[PDB]
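# Breakdown of the fold
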Amino acid sequence: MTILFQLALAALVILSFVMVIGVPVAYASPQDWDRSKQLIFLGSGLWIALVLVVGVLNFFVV
Amino acid sequence: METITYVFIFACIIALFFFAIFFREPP
Amino acid sequence: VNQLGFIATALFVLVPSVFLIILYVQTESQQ
Amino acid sequence: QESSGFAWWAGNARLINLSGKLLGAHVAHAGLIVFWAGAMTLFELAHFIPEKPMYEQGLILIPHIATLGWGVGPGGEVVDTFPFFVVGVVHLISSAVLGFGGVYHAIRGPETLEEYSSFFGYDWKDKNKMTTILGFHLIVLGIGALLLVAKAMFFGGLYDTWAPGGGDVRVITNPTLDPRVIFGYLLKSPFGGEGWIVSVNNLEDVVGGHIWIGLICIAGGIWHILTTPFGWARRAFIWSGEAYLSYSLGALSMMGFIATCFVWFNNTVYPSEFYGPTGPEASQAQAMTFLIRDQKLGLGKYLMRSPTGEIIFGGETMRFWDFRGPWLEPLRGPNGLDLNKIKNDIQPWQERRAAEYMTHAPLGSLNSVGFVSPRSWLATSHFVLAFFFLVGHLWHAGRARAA
Amino acid sequence: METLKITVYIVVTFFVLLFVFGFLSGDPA
Amino acid sequence: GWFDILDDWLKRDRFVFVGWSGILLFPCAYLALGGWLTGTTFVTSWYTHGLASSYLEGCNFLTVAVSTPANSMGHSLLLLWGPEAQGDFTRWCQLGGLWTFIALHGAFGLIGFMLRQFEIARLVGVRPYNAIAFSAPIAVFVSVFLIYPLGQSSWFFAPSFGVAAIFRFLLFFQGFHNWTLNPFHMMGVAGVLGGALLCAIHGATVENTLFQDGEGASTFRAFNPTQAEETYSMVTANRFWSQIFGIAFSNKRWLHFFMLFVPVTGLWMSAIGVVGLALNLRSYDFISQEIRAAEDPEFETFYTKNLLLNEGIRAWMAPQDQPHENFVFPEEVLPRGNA
Amino acid sequence: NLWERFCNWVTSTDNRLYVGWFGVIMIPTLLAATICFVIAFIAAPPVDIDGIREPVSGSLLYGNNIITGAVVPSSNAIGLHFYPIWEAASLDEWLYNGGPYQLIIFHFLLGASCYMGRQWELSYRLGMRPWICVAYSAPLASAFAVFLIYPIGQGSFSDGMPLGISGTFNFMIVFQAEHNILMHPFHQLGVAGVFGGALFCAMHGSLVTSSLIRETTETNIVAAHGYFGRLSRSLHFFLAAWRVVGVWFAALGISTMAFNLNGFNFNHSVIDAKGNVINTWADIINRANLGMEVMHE
Amino acid sequence: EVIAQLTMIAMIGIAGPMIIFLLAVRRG
Amino acid sequence: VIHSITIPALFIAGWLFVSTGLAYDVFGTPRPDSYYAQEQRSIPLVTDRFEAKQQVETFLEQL
Amino acid sequence: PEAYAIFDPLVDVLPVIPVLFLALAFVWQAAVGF
Amino acid sequence: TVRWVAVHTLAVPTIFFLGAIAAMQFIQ
Ligand code: CLA
Ligand SMILES: CCCCCCCCCCCCCCCC(=O)O[C@H](COC(=O)CCCCCCCCCCCC)CO[C@@H]1O[C@@H](CO)[C@H](O)[C@H](O)[C@@H]1O
Ligand SMILES: CC1=C(/C=C/C(C)=C/C=C/C(C)=C/C=C/C=C(C)/C=C/C=C(C)/C=C/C2=C(C)CCCC2(C)C)C(C)(C)CCC1
Ligand SMILES: CC1=C(\C=C/C(C)=C/C=C/C(C)=C/C=C/C=C(C)/C=C\C=C(C)\C=C\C2=C(C)CCCC2(C)C)C(C)(C)CCC1
Ligand SMILES: CCCCCCCCCCCCO[C@@H]1O[C@H](CO)[C@@H](O[C@H]2O[C@H](CO)[C@@H](O)[C@H](O)[C@H]2O)[C@H](O)[C@H]1O
Ligand SMILES: [Cl-]
């Protein structure tokens, strides 16, 4: 019944691209995305929310 | 006679090594 | 076992070595 | 930033003095290592048949977890694979939150940390902040070494094969802290009959050596914090800067040369219920099977004298008489293997284990055709990697002592 | 055999100690 | 008009040189390499040897071979228009005629390559020591692939142009000829091993005793036919090896004539040994050692242990490697060490 | 006062031969293994390499010549044991059990390691780079693998290479029958390295000799290389680095055959739909290996 | 194929590092 | 400079050589079902020299 | 492994990812200026 | 007439033979 892992495994496939070319590109270049956009507390601080949603299967298996 | 021929050739090889290292030809 | 096999080894040792030794002590006399 | 130099092969050598980017590279390599550990644990768990022994299935990780007493019972019987599953999935997970700063400090972070403070900063010369990171790690090396002491003594782990019947997981109630019995391993011969360090028979000795390795690594890593390098580090001992990689490249190799010999000969730290029989073990198992077979149908024909007067096996296994195993220590009498005890004391587990080790001798080729044992995969690979880490040691020590 | 044992032990300690002593001490002059 | 225009066109400057020697080299070399590729891709060995030795039969790179002809062919040339195949390309590929194709083309391609070395040296105006050093692989090819089957029964006993077929050829010469005990073979091993040893020591010490290490390294103009021999010091290398080994070169000419001399001589002496082994005139046994083995049956050296291993190689490899003889060896006549 | 006369005599590069601090260990070990090799090659009793009472007579006075003579390895009763003379009961029991082989290979392996150290030592004293040392490490690793590592993996010093011309052939034949070394790829890189090293030696020799006209020394070295060929400077690094890594590879190839991860047995690769096995060139090799393996009991 | 929704284009590593390969030379 | 007249028609020329079964007929390699005959375990080695072509085409009627 | 029989062929092609970071490095250094 | 034969005598049976070898893996 723990199909939330099946819906949340795509959430790390799309987090293995934001921390690729979402804020760092490949060098010291905040190209209008790391300056005031979704980096600090808006839309890249939910990696703590994604490790919480991957630790929420602690009682879904036990 | 068979063994001492081998030992004689080997001893002449060691004596040639001694004459080649220390009595070498000067440039 | 060869009796004349020892002569082959002595003729193989001596004959080119006598040539090289004669050639060397003959070239030190006048090069 | 290629800037200039290191034409296309020494691109890593571009971070010699970028002490902020090199850090995230070392982080991402650690994430790579923990990712390999979790992925290989998951891959070895997915193709696993619990009733079959693990040396028939080509596993080198699951034996490392089953040695620590996680999901194992008497003689190797698996009981709960969820310890293997949790030690697989925690590694992976931690490899992601360790991989996240492997792109932060190495892509998005600062290039250099020389504009920071007293700590978190270093320049290979200033050997005051270096003996600090050394001692600093030593407190982690000693904190890790002790972790196995805690697993042995307080957390119900550390499966020994030298248990009385079959071999069970056993709590080590009392380790051997004795110094003559300890460091007394280190003053042995390396040759046949007495291993140099590979000859650890007991378990109490493995925990008691980790006592002396925990209370010297921590007690020497608080030394490297408070103190400064002394006089004998410039006269005979030499200093450099980018040679420390070379220093830990040469020492690594001798550890590969020891762990090649460890996994090949030693039966205690690597128990034979998960890693398979060793070199001597399978041949002694054959020599014991071909005695107990011919006792039922059809000093004797197999039992002959050793060159120090010991009743050992004969034939071709005279070379392997120094083997000590848990299916033979009930059978070995006063002056070596006594025949009478083969008729007197012979249980129905010492037959099955010896026959299973007889049919599973180390052999095989690179395309895995024979089978090929996991003790023969770790030994050859870490011999090749030990010699390559010796070859890299002579290169990175040759091009660093020029300066 | 012990007359050849302590003789060989004396020579091996005599040479490895001379190698270690001369490698370190005595580098100038 | 006729001849000097063709001579000036051939010796002209181009991407590749194609002299008068190229007309012999490039068709023969191209057809030998192409016949090997189309033999290991498609051609079987089933009707000559009784084996599967192509990629079409499901073999890897190690187990493909353009195998030798059958033993009933003898030393026949196996021409495509010849009396055996008679124009049939299928029967020419099945009878082993691709082996004689590749062998005769490899012979004339090696002839054309050494003529190419003479032609390029006659152009550049140098002494043709490369064509004198190429006399050794030509002598090895002629003594092994041509003279050895021409002294044996037929072309069947020859190297069959594969990797594993070459390993079978080495095991055949150990088992049937005791070829490791041959002194001409030992001079061949010593020439090759001394050449590789000379190669490594010479490279190690030119790269060490360089004139400019890195500190005042004025990069001078380098020409390629000096093979970078200005860049190192002869006196420092002579001072090193007179104290390490006690013997060292003091010539840049005698050192490189020695590097020419050692493996060419080694390879020429092994050619003489294989030419002797063509007539089964091998160096199998020491006679007084056989008499001492027959005198008391508790005498054992490593040589008498090697003779039993050659007996084992012979009697166990013989029904399959020679299937035209129809060897039916029972299990009781096969040599075992527990017998 | 007297020690400095010795520390000046050893470390001086103005000698005939450079006896370094590595030479202090290199000289008595390579003299002891040489004198015991000449003694145990001329006059030595028979040695049983097995644990039975049929011994192998390898010495010259017991009916051998230069080709068939050897110093026979240690017994199967000893195995990986340390066997000096005082460990034995008598001198005859030491000589019967292959003790000279252990004595010779231990002092040889110690003296060749100090030969590598003496090469590096003089190089550093002469103001040279350290490559010679590196290149000598390839036959040194090859001699360490054939005398030490393969006995460690097989579990006995009887499986080490014998110290004779025919014993080397017996080692090679028995190794191929047990391990199939010819299809092992690390050995094939060794054959490619040794063949290419001889090739580049003859080719590099011929190309220089033909392009070198005059070269003199005042006794400012002069050379007049006849340059200009037809239609960086790393020829010698490739010349050293081809044969070296080739011999390194085959050294660690037999070091991996020590632990029985051995060769490539393409055992019945091709098949027929009638349950018939069609042989290839691998089955003939495996058919021969069964020849020599059965004769080795 | 082994799935129809769970075995998709699994070259996310050969596309994600190729993003830092092509969009870094598309970068300055 | 640029040359894209026919690269991949040669790949289908190589594919249809093997997949249709033409290379077995051109180079004389036997099919994997067609090694032995339906009754005998013998290998058809050529025993003659000037009857060898007739020996191989005598064997190929047993299939 | 357990009751995650959906992602079992993900596990069957997992562990090769790591050593393939060497293959991603030779395409990230390609077309950046070699 | 030029060194264009190097592609007409060495690349044409190479591409043909790689097509044959790539067809050879899908047998049985
Ligand atoms: C005990 C574990 C361990 C140790 C000690 C090392 C040590 C090393 N690794 Mg790491 N590695 C490990 C585990 C380890 N690795 C794991 C589990 C993985 C994931 C599969 C990697 C992936 C990895 C990559 C991708 C790279 C390294 C590299 C390096 C070298 C970096 C320093 C340098 O400049 O060397 C210079 C090195 C030499 C001068 C010669 C080294 C010769 C050794 C024998 C080669 C083996 C390297 C390493 C052990 C395995 C790399 C495999 C990788 C290509 C997939 C150093 C030899 C970097 C390197 O330079 O590779 C050559 C590099 O690019 N490693
Ligand atoms: C690369 C990393 C290698 C790691 C290896 C680690 C080794 C150190 C572990 C502890 C060893 C104990 C110290 C000796 C104790 C002892 O005394 O060893 C004695 C013989 O000496 C020895 O064994 C000396 C070993 C000599 C090695 C010769 C081979 C050299 C190969 C080339 C080297 C190239 C550099 C044997 O013990 C004695 O043996 C007999 C007397 O010799 C008696 O029976 C005694 O009662 C006692 O049993
Ligand atoms: C016999 C004959 C002839 C001839 C023909 C010819 C001359 C042909 C040619 C052919 C050819 C000319 C062919 C070619 C081929 C090629 C190939 C076959 C190649 C391959 C390649 C590959 C396979 C690759 C591989 C690799 C490597 C190297 C490494 C990396 C990976 C890879 C995979 C990429 C004629 C008809 C005239 C007449 C009759 C007889
Ligand atoms: C029994 C045992 C144990 C216990 C204990 C121990 C083991 C401890 C350790 C100890 C140790 C671990 C020791 C070590 C040592 C080391 C070393 C010692 C290294 C190095 C050194 C060096 C390298 C040196 C160098 C040098 C010289 C030689 C002189 C001068 C110069 C120089 C500095 C360079 C254990 C734990 C295992 C567990 C079980 C078994
Ligand atoms: C430091 C190195 C020290 C090495 C010590 C040995 C060096 C010198 C060895 C020379 C060999 C001489 O060895 C001697 O040879 C003769 C043969 O001529 C042997 O004689 C043997 O063969 C002859 C045939 O000639 C028979 O008649 C005789 O019955 C038999 O015993 C002697 O038994 C042996 O004592
Ligand atoms: Cl046995």
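Residues numbered from 1 in each chain as written, not as in the entry; some residues may be left out. Chains lettered and ligands numbered in written order. Part of a larger assembly, values for the part shown. Heavy atoms only, no water. Residues with missing side-chain atoms left out of burial classes, pairs and counts.

The record lists cryo-EM as the method behind this PDB entry and 3.14 Å as its resolution.

### Considerations on the overall build of chain I
Which entries qualify depends on this criterion: Strands here are runs of E lasting at least two residues and helices are runs of H or I lasting at least four, both read from the DSSP assignment and numbered beginning at the N terminus. Radius of gyration here uses only the C-alpha atoms, and the compact-globule reference equals 2.2 Å multiplied by the residue count raised to the power 0.38. Note on exposure labels: buried denotes an accessible area under 20% of the residue type's maximum, exposed denotes more than 50%, and partly exposed covers the range between, all computed with a 1.4 Å probe on protein chains only. The accessible surface values rely on the Shrake-Rupley method and a 1.4 Å probe; as for residues, cover is taken only from the protein chains in view. The charge count includes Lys and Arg as positive and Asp and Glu as negative, but it does not include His or the ends of the chains. The atoms used to mark charge sites are NZ of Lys, CZ of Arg, CG of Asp and CD of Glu.
Scanning chain I from terminus to terminus reveals three helices and zero strands. Element order for chain I, N to C, with α for helix and β for strand: α-α-α. Against the 2.2 N^0.38 benchmark of 11 Å for 63 residues, chain I shows a C-alpha radius of gyration of 18 Å, more extended than a compact globule. For chain I, the residues scored as buried account for 33% of the 63 residues in total. For chain I, the computed accessible surface area is about 4,200 Å², with 58% contributed by carbon and sulfur atoms. Averaging the coordinates of the 4 positive side-chain charges in chain I and doing the same for the 7 negative ones gives two points 5 Å apart.

### Side note on the UniProt feature "transmembrane region" in chain G
Residues and elements named next belong to chain G. Convention followed: UniProt positions are given in the numbering used here, feature names are shortened, and annotations may be inferred rather than shown by experiment.
Residues annotated in UniProt with the feature "transmembrane region" correspond here to residues 18–35, 107–122, 131–145, 186–207 and 238–252. Here residues 131–145 is 93% helix and 0% strand, with 21 Å between the C-alpha atoms at its ends. Segment residues 186–207 splits into 100% helix and 0% strand. End C-alpha atoms: 31 Å apart.

### Considering the interface of chain I and chain K
The test is simple: We call two residues in contact whenever any of their non-hydrogen atoms come within 4.5 Å of each other. Buried area is calculated as the accessible area (1.4 Å probe) missing from two parts once they are joined, with the contributions of both summed. Throughout this description, the term salt bridge denotes a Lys or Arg side-chain nitrogen within 4 Å of a carboxyl oxygen of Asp or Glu. The term polar contact refers here to a pair of N or O atoms within 3.5 Å; inside protein, the definition further demands a hydrogen-donor-capable atom paired with an acceptor-capable atom, and it admits residues adjacent in sequence only when both atoms are side-chain atoms. In this classification, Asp, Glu, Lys and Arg are treated as charged, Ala, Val, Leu, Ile, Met, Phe, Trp, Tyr, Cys and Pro as nonpolar, and every other residue, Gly included, as polar.
Taken together, the contact pairs 10 residues of chain I with 12 residues of chain K. In total, chain I and chain K occlude about 930 Å² of area from one another, counting both sides; carbon and sulfur atoms represent 87% of this. Here chain I is connected to chain K by zero salt bridges. At the surface where chain I touches chain K, the tally comes to zero residue pairs in polar contact. Per-element accounting of the side of chain I that touches chain K gives the leading share, seven residues, to helix α1 (residues 8–19) of chain I. Taken together, the residues that form the side of chain I that touches chain K break down as nine nonpolar, one polar and no charged.

### Some words on the coordination of the magnesium atom of ligand 1
The condition is simple: Counted as donors are the N, O and S atoms within 2.8 Å of the metal, or 3.2 Å for Na, K and Ca, while water is not among the atoms, so some sites may look incomplete.
Inspection of the coordination sphere of the magnesium atom of ligand 1 shows a single protein donor, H29(D) (NE2), at 2.5 Å. In this fold, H29(D) is placed in helix α1 (residues 21–46).

### A short note on the interface of chain G and chain F
Of the residues lining the interface, 97 residues belong to chain G; the matching set on chain F comes to 107 residues. Only α4 (99–126), α5 (132–154), α6 (165–179), α7 (185–209), α8 (235–257) and α9 (281–295) of chain G provide two or more residues apiece to the side of chain G that touches chain F. Per-element accounting of the side of chain G that touches chain F gives the leading share, 15 residues, to α7(G). In the side of chain G that touches chain F, the residues fall into 57 nonpolar, 29 polar and 11 charged.

### Focus: the arrangement of the chains
The interface with the most contacts, out of 17 pairs of chains in contact, is the one formed by chains F and G. In this assembly chain D lies apart from chain I, the nearest approach of their C-alpha atoms being 24 Å. Left apart from each other, chain B and chain J have a closest C-alpha approach of 52 Å.

### A look at the site of ligand 3
Condition: If a single non-hydrogen atom of a residue is within 4 Å of a molecule or strand, that residue counts as near it.
Within the structure, ligand 3 sits among 14 residues, and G34(F), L37(F), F89(F), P13(K) and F17(K) are positioned closest to it. Residues lining ligand 3 come from chains F and K. Isolated, ligand 3 exposes 950 Å² of accessible area, and the fraction of that covered by the protein chains is 50%. Counting residues per element, the shell around ligand 3 draws most heavily on helix α2 (residues 22–42) of chain F, at six residues.

### Topic: the packing of α1(I) against helix α2 (residues 12–24) of chain K
Put simply, the rule reads: An axis is simply a line fitted to the C-alpha atoms; with a helix, the fit covers only the stretch in contact. Between two such axes, the angle follows the N-to-C directions and lies from 0 to 180 degrees. Here the word oblique covers every angle except those under 35 degrees (roughly parallel), over 145 (roughly antiparallel) and from 65 to 115 (roughly perpendicular). With the far helix as reference, a near helix turned anticlockwise by less than a right angle produces a left-handed crossing, and one turned clockwise produces a right-handed crossing.
Interaxial distance between α1(I) and α2(K) falls to 7 Å at its minimum, and their mutual angle equals 45 degrees. In terms of orientation, α1(I) lies oblique with respect to α2(K). The handedness of the crossing between α1(I) and α2(K) comes out as right-handed. Together, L10(I), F11(I), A13(I), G14(I), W15(I), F17(I) and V18(I) of α1(I) and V12(K), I15(K), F16(K), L18(K), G19(K), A20(K), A22(K), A23(K) and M24(K) of α2(K) make up the contact between the two elements. A breakdown of the residues in the contact of α1(I) with α2(K) according to their chemical character gives 14 nonpolar, two polar and no charged.

### Considerations on the site of ligand 5
Residues in close proximity to ligand 5 include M1(B), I4(B), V38(G), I39(G), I42(G) and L61(G), which together make up its full environment. Chains contributing residues to the immediate surroundings of ligand 5 are chains B and G. Compared with its free state, where it exposes 790 Å², ligand 5 has 33% of that area covered by protein. At three residues, the largest contribution of residues to the shell around ligand 5 is made by helix α2 (residues 23–42) of chain G. The residue makeup of the shell around ligand 5, split by class, is six nonpolar, no polar and no charged.

### Quick look at the UniProt feature "transmembrane region" in chain I
The sites that carry the UniProt feature "transmembrane region" are, in the present numbering, residues 1–15 of chain I. Its end C-alpha atoms 28 Å apart, residues 1–15 of chain I is made of 53% helix and 0% strand.

### What to know about empty space enclosed by the protein
Residues and elements named next belong to chain D. The condition is simple: Grid points spaced at 1 Å and placed over the protein atoms alone form the basis of the search, with a cavity being a set where a 1.4 Å probe fits but cannot get out and a pocket an open set showing protein on both sides within 12 Å along at least five of seven lines. Lining residues have an atom within 4 Å of a point. Grid points are joined across faces, edges and corners, and a volume is the space filled by probe spheres set on the points.
In this structure, the largest cavity spans a volume of roughly 120 Å³. Contributing to the lining of the largest cavity are 13 residues, with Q284, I312, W321, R332 and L337 lying nearest its centre. For the lining of the largest cavity, the secondary-structure elements that each account for two or more residues are β2 (311–313) and β4 (336–337). The leading source of residues in the lining of the largest cavity is β2, at three residues. The computed volume of the second largest cavity comes to approximately 90 Å³. Of the residues belonging to the lining of the second largest cavity, the class tally is 11 nonpolar, three polar and no charged.

### Concerning the packing of aromatic side chains
The test is simple: Think of it this way: a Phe, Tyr or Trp ring, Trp meaning its six-membered ring, pairs with another when their centres are within 6.5 Å, and the plane angle makes it stacked under 30 degrees, edge-to-face over 60, tilted otherwise.
Scanning all chains against the criterion turns up 93 aromatic pairs over all chains. Judged by centre distance (4.9 Å) and plane angle (45 degrees), the rings of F85(D) and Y4(J) are tilted. Here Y4(J) lies in the segment before α1 (8–11) and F85(D) lies in helix α3 (residues 82–97), a pairing that spans two chains. Between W223(D) and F230(D) the ring centres are 6.1 Å apart and the planes differ by 85 degrees, which places this aromatic pair in the edge-to-face class.

### Overview of the UniProt feature "binding site: heme" in chain I
Residues and elements named next belong to chain I. UniProt's feature table lists "binding site: heme" at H3, given in the numbering used throughout. Among the secondary structure elements, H3 is positioned in the segment before α1. By relative accessible area, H3 is classed as exposed at 62%. At 2.9 Å, the side chain of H3 forms a polar contact with the backbone oxygen of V1.

### Regarding the pattern of salt bridges
Pairing of side chains with opposite charge becomes possible as their charged atoms draw close. All told, the structure shown has 17 salt bridges over all chains when counted by the stated rule. A salt bridge links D345(D) to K341(D), with the shortest nitrogen-to-oxygen separation between them at 2.5 Å. For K341(D), a relative accessible area of 23% corresponds to the partly exposed category. The partner of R239(F) in a salt bridge is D14(G), and the shortest N-O contact between them spans 4.0 Å. One end of the pair, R239(F), is in helix α9 (residues 234–244); the other, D14(G), is in the loop between α1 (3–11) and α2, on a second chain.

### Examining a negative patch on the surface
Spelled out, the test is: Candidate patch residues must exceed 30% relative accessible area and have no salt bridge, after which like charges are joined if within 9 Å and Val, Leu, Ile, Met, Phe, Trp or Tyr side chains if within 5 Å.
Side chains of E316(D), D50(G), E54(G) and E297(G) sit close together on the surface and give a patch of like negative charge. Relative to the helices and strands, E54(G) is located in the loop between α2 and α3 (91–96).

### Digging into helix α6 (residues 135–151) of chain F
Helical geometry: 3.6 residues make up each α-helical turn, so side chains three or four residues apart lie on a common side. Residues and elements named next belong to chain F. We count it as follows: A residue's bend is given by the angle between axes fitted to the 7 residues ending at it and the 7 residues starting at it.
Of all the bends in α6, the greatest measures close to 30 degrees and is centred on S143. Within α6, burial applies to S135, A136, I138, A139, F141, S143, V144, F145, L146, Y148 and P149. Elements that come into contact with the buried residues of α6 comprise α4 (97–124), α5 (129–133), α7 (164–177) and α10 (254–277).

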